[PDB]
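Student: Sequence first, structure after, both from an experimental entry:
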Amino acid sequence: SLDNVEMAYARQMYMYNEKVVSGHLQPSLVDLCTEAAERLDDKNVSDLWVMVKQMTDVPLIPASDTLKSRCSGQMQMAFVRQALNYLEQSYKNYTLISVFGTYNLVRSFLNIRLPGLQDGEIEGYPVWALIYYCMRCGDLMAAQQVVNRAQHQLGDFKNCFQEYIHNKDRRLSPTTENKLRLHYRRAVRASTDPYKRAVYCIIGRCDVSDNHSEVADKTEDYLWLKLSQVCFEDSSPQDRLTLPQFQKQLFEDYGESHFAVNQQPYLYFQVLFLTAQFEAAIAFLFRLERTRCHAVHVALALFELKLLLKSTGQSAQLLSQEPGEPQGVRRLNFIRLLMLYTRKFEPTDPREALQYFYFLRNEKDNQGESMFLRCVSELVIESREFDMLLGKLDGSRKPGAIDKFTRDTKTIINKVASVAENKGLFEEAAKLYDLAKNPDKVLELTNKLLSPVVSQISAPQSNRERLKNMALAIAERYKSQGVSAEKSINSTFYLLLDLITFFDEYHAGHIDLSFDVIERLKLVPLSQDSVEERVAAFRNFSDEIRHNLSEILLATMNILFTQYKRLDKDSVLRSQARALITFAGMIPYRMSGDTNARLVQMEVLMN
Amino acid sequence: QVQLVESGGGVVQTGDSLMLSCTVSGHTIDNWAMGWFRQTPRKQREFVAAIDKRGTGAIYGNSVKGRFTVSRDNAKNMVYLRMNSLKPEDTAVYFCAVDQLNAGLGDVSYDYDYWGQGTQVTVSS
Amino acid sequence: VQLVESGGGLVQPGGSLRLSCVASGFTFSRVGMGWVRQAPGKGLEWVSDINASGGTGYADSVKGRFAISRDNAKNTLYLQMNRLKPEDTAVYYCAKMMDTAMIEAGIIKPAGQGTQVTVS
């Protein structure tokens, strides 16, 4: 069933739906989920959601199409900016706490880290390490303080870092970056002070093959390095590190088989997510048993902010790639995702399952219908529809789950009833149609399943009692509430019920009772000058009347013959009999050979 | 329909080593991943092992870490689970299912679509 | 279905018995049944009828010598034969009152296994 975390997320989904269906302007998913890390005690989920929130606060699609946005350059600039800022504030908190101001914070961390070195020290601390680590926190004004103090062994770095903090894309003049590269490989690369090389690297986008394992030991640090290093400008084509190349690099090294095997999923996920690719992150994180719900709800959050490149066609993969994108990212088969998440607790606690189901509403299907409907129509039938799912009629509809977030339920009811109808679960669909206030459909459906049993004898362990009570309750509700159905179907229904009672009395053994019943039906000959109209009466009789006329006529003939043998009146009786013969003598409708055989046999025998 | 045969079970004794096999019936397993689960009366289903589509690396369950081995032979279209140092609880029917989702190495039952029928095993201590 | 009738045998002039029949295969609470007989030397002749809840019916020669009894609680029917006459000598049938017609005039044959009802 559910876990406390699962039911917690669930309740929150309830709340978001009660928001969107009420017409309130509310905080979107990401906000609720963010706060839903301190309602229950945790440590990591909080961090994941922090990352998600910070990474989704972007200018949302400065275009008209999601693909355009998620492949435009400026969009990726926004992504990398948000990402960098998150990493940097993260590391800032990490040090600021683990050390137990900023300018001396980094200083103390250096002192509690490490006690050839280029360009000496200031205040007794090596300048290059100071510069690097104080940039690492995303604070340049401290680096500005340093380069104001430390200014006597540089002066190219001075204006370098100046025009670094002058363009908001952190890009220098082209020739500036080029002379930085030229000085780097010519006097800087071959040095024994790595830190200086790392600083010149990030500040000048140099040597995109270096990883600096010594100073950026941590995977998070590695992300910092490469993202601080990536470039969208085209300066040389040999140190141009393209963000798509980095996404491919990470997808290579991290994930696609390495995710589940390394038993540190949260961190891997933050990696795969900070790199401007959401789909392939959730798709992995969704697989591990520990972090199913967190992945699924990150996906829902993303979808609600319309930040998702979902699968347009229908396939059998969760994460898919359609060989048309420039690079894009693997598309996420959103529908299959919701399905393969709900199916765990769908057939046990469907109340909450229906809640997730709602989100697929505007996502069409193969047939041309909302997938949401073709989803409910399975849950509600294979989990034995209750009133809590739809409701119970009397003359008044009981509110159900589907009511609480959708108006005009009659739509959903008609749909699911038709679906269960095609499925061959007919009786249940009759009940549903009745819960929908649609008389013609209820009655036409009951017609079929009523037709064949109307002459089957009492037969203990049958359906007759059940369907009889069903149709009787139908009659009560409809004739009492003044509900009237289509004439040619209402008529056939009431004829079928009167015939039910007639045959009950017949089987029971009341001759004259059933006889006046069959008289007052005008289905069979009563006078030799009316049989010509009897022949005209049908050609409007549906298959129902056909599928029993045989036994109707047979039973009637039985009544007549019993009266005759048990009996002047026999003239009238046998005249009615030969009229019946003439009737059967010209029926195009259903019969059997033995039907007319017994008919004419009893006829000539009573003669 | 692409069915499966999940065979190699039987009754064995404690501390022995059992080789459970599975053979695909009607497809080429080079895109899919493979998974060996077990059905006990303890639960309805649990996880044992799952191997990716490259035949290189696999995830082992919550308790069985460091006692089993799994492999897939694309050239033989077979799935192999060889065990060591069994436990009384392992009297169970082991299933071998297929992963198409084309991502990761799932460890939850529902993620897989097709199945064989199972191979029953019974350890007698 | 099945209609077994028993409780017969040669009985003395003016004897008495209670013919039993077991109703199984149809709800014997909403089906009217009946008793017929065919003799070794004579044809089929209706003797008894009764509805689910309605009244009864008997031939002119069998009134006061037989008696209906539909033990519906047990889905069993009986016919209490008394002070008999040497013309009921026949095999009996606990049949359905509504099929009595098709059986009576040699049209169709009974579905009951019968019982030996012979009187001196």
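Tutor: Structure's in. What do you need? Residues are numbered from 1 along each chain as shown, chains lettered A, B, ... in the order given.
Student: contacts and neighbour counts: CA atoms only from here.
Tutor: Fine.
Student: now the helices: where do they sit in chain B?
Tutor: In chain B, no helices are defined using DSSP state H.
Student: What residue in it comes nearest to chain C?
Tutor: At 41.4 Å from chain C, residue B:117 is the closest residue in chain B, using CA to the nearest CA.
Student: before we move on, what about chain A?
Tutor: residue A:508 (4.2 Å).
Student: contacting residues for that residue?
Tutor: Residue A:508 sits next to C:30-32, C:51-52 when contact means CA atoms under 8 Å, 6 or more residues apart in numbering or on different chains.
Student: want to throw those into JSON lines with secondary structure and neighbour count?
Tutor: Formatted as JSON lines, those follow (DSSP: H, G, I helix; E, B strand; the rest coil; neighbours: other CA atoms under 10 Å in any protein chain shown):
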{"residue": "C:30", "secondary structure": "coil", "neighbour count": "20"}
{"residue": "C:31", "secondary structure": "coil", "neighbour count": "24"}
{"residue": "C:32", "secondary structure": "coil", "neighbour count": "25"}
{"residue": "C:51", "secondary structure": "coil", "neighbour count": "25"}
{"residue": "C:52", "secondary structure": "coil", "neighbour count": "19"}
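Student: Pick the one among these closest to chain B.
Tutor: Among those, and counting by CA to the nearest CA, the member closest to chain B is residue C:30, at 48.4 Å.
Student: circling back: can you tell me which of the contacts of residue A:508 are up against chain A?
Tutor: C:30-32, C:51-52 (CA under 8 Å from any CA of the partner chain).
Student: What are the neighbouring residues in contact with residue 3?
Tutor: With no chain named, the answer covers chain A. Taking CA under 8 Å, 6+ apart, one finds nothing in contact with residue A:3.
Student: that's the wrong chain, I wanted chain C
Tutor: Residue C:3 neighbours (CA under 8 Å, 6+ apart): C:21-24, C:93-95, C:111-113.
Student: out of everything not next to it in sequence, what's closest to it?
Tutor: Counting by CA to CA, 6 or more residues apart in numbering or on different chains, residue C:112 is the residue found nearest to residue C:3 once chain neighbours are left out, at 5.0 Å.
Student: cool, and residue A:393?
Tutor: residue A:435 (6.2 Å).
Student: so who does the one you found touch?
Tutor: A:391-393, A:397, A:413.
Student: which of the residues you listed count as buried?
Tutor: Buried residues within the contacts of residue A:435, counting neighbours by 16 or more other CA atoms under 10 Å in any protein chain shown: A:391-392, A:413.
Student: Output these as TSV; include the columns distance to residue A:211 and secondary structure.
Tutor: Shown next, in TSV, are these (distance: CA to CA, whole Å; DSSP: H, G, I helix; E, B strand; the rest coil):
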residue	distance to residue A:211	secondary structure
A:391	63	coil
A:392	67	coil
A:413	61	helix
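Student: For chain C, which residue gets nearest to chain B?
Tutor: Taking CA to the nearest CA, chain C has residue C:25 as its residue nearest chain B, at 41.4 Å.
Student: again with chain A
Tutor: For chain A, CA to the nearest CA, closest residue to chain B: residue A:317, 4.1 Å.
Student: so what's that residue up against?
Tutor: By CA under 8 Å, 6+ apart, the contact list for residue A:317 reads A:333, A:336, B:100-102.
Student: Tell me which helix or strand the residue most central in space within chain C sits in.
Tutor: Closest residue to the average C-alpha location of chain C: residue C:35 at 2.6 Å, with CA atoms, centre = their mean. Taking DSSP states H and E as the definition, one finds residue C:35 inside strand C:33-38.
Student: repeat for residue A:518
Tutor: helix A:511-519.
Student: Now do the buried residues in that helix.
Tutor: Within helix A:511-519, the residues that count as buried by 16+ other CA under 10 Å are A:511, A:514-515, A:517-518.
Student: and which of those residues is nearest residue C:85?
Tutor: Nearest to residue C:85 among the buried residues of helix A:511-519 is residue A:511, at 30.8 Å by CA to CA.
Student: How many residues are close by residue 31?
Tutor: Just going to use chain A. Neighbour count of residue A:31, defined by other CA atoms under 10 Å in any protein chain shown: 14.
Student: meant chain B, my bad for not saying
Tutor: 14.
Student: can you check residue B:64 too?
Tutor: By other CA under 10 Å, 14 other residues sit near residue B:64.
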